[PDB]
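Asks: Structure provided below as structure tokens; questions to follow.
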Amino acid sequence: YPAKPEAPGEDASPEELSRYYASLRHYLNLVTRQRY
């Protein structure tokens, strides 16, 4: 459930939304490895 992170930082639920971050994270992953 969308309840646990009771603090100011990031308040968003996964499913379709985190699909943007997780997908964009993929490219950013093989791009970071080059200089990680």
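Just so we're on the same page: first chain in the structure tokens is A, next is B, and so on; residues restart at 1 for each chain, and ligands are numbered from 1 in the order they show up.
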If you run DSSP on this backbone, which residues of chain A come out as helix (DSSP H, G or I), and could you give them as a PyMOL selection string?
Replies: chain A and resi 18-33
Asks: Write out, as a PDB file, in the first residue's frame, the residues just selected, with N, CA and C atoms.
Replies:
```
ATOM      1  N   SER A  18       6.208   4.707 -11.795  1.00  0.00           N
ATOM      2  CA  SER A  18       7.598   4.247 -11.635  1.00  0.00           C
ATOM      3  C   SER A  18       8.109   3.555 -12.898  1.00  0.00           C
ATOM      4  N   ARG A  19       7.215   3.172 -13.821  1.00  0.00           N
ATOM      5  CA  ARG A  19       7.552   2.657 -15.135  1.00  0.00           C
ATOM      6  C   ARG A  19       8.345   3.669 -15.961  1.00  0.00           C
ATOM      7  N   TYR A  20       8.157   4.975 -15.718  1.00  0.00           N
ATOM      8  CA  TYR A  20       8.967   6.025 -16.326  1.00  0.00           C
ATOM      9  C   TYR A  20      10.374   6.012 -15.728  1.00  0.00           C
ATOM     10  N   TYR A  21      10.479   6.062 -14.395  1.00  0.00           N
ATOM     11  CA  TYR A  21      11.758   6.078 -13.688  1.00  0.00           C
ATOM     12  C   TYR A  21      12.547   4.791 -13.925  1.00  0.00           C
ATOM     13  N   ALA A  22      11.926   3.623 -13.777  1.00  0.00           N
ATOM     14  CA  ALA A  22      12.557   2.316 -13.962  1.00  0.00           C
ATOM     15  C   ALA A  22      13.055   2.102 -15.407  1.00  0.00           C
ATOM     16  N   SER A  23      12.244   2.485 -16.408  1.00  0.00           N
ATOM     17  CA  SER A  23      12.611   2.445 -17.824  1.00  0.00           C
ATOM     18  C   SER A  23      13.740   3.432 -18.135  1.00  0.00           C
ATOM     19  N   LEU A  24      13.598   4.702 -17.729  1.00  0.00           N
ATOM     20  CA  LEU A  24      14.634   5.725 -17.900  1.00  0.00           C
ATOM     21  C   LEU A  24      15.922   5.337 -17.155  1.00  0.00           C
ATOM     22  N   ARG A  25      15.786   4.718 -15.973  1.00  0.00           N
ATOM     23  CA  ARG A  25      16.871   4.144 -15.178  1.00  0.00           C
ATOM     24  C   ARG A  25      17.634   3.080 -15.948  1.00  0.00           C
ATOM     25  N   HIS A  26      16.983   2.301 -16.812  1.00  0.00           N
ATOM     26  CA  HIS A  26      17.642   1.266 -17.606  1.00  0.00           C
ATOM     27  C   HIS A  26      18.750   1.861 -18.475  1.00  0.00           C
ATOM     28  N   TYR A  27      18.395   2.796 -19.362  1.00  0.00           N
ATOM     29  CA  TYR A  27      19.355   3.529 -20.187  1.00  0.00           C
ATOM     30  C   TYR A  27      20.415   4.215 -19.321  1.00  0.00           C
ATOM     31  N   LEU A  28      20.003   4.939 -18.280  1.00  0.00           N
ATOM     32  CA  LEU A  28      20.924   5.571 -17.326  1.00  0.00           C
ATOM     33  C   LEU A  28      21.852   4.539 -16.608  1.00  0.00           C
ATOM     34  N   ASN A  29      21.493   3.255 -16.574  1.00  0.00           N
ATOM     35  CA  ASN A  29      22.277   2.170 -15.982  1.00  0.00           C
ATOM     36  C   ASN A  29      23.443   1.762 -16.900  1.00  0.00           C
ATOM     37  N   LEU A  30      23.141   1.415 -18.157  1.00  0.00           N
ATOM     38  CA  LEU A  30      24.179   1.083 -19.133  1.00  0.00           C
ATOM     39  C   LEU A  30      25.038   2.291 -19.538  1.00  0.00           C
ATOM     40  N   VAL A  31      24.544   3.503 -19.273  1.00  0.00           N
ATOM     41  CA  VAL A  31      25.254   4.774 -19.443  1.00  0.00           C
ATOM     42  C   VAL A  31      26.155   5.115 -18.259  1.00  0.00           C
ATOM     43  N   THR A  32      25.739   4.786 -17.033  1.00  0.00           N
ATOM     44  CA  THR A  32      26.565   4.974 -15.843  1.00  0.00           C
ATOM     45  C   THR A  32      27.720   3.995 -15.829  1.00  0.00           C
ATOM     46  N   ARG A  33      27.483   2.696 -16.096  1.00  0.00           N
ATOM     47  CA  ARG A  33      28.515   1.641 -16.103  1.00  0.00           C
ATOM     48  C   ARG A  33      29.801   2.044 -16.821  1.00  0.00           C
TER      49      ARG A  33
END
```
Asks: Give me, please, the distance in Å between atom CA of residue 16 of chain A and atom CA of residue 1 of chain A, quoted to one decimal.
Replies: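 Pair atom CA of residue 16 of chain A / atom CA of residue 1 of chain A returns 15.3 Å.
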Asks: Neighbours of residue 2 of chain A within 9 Å (only C-alpha atoms; same-chain residues fewer than 3 positions away dropped), as a list in words?
Replies: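 These residues fall inside the cut-off: residues 5, 11, 12, 13 and 14 of chain A.
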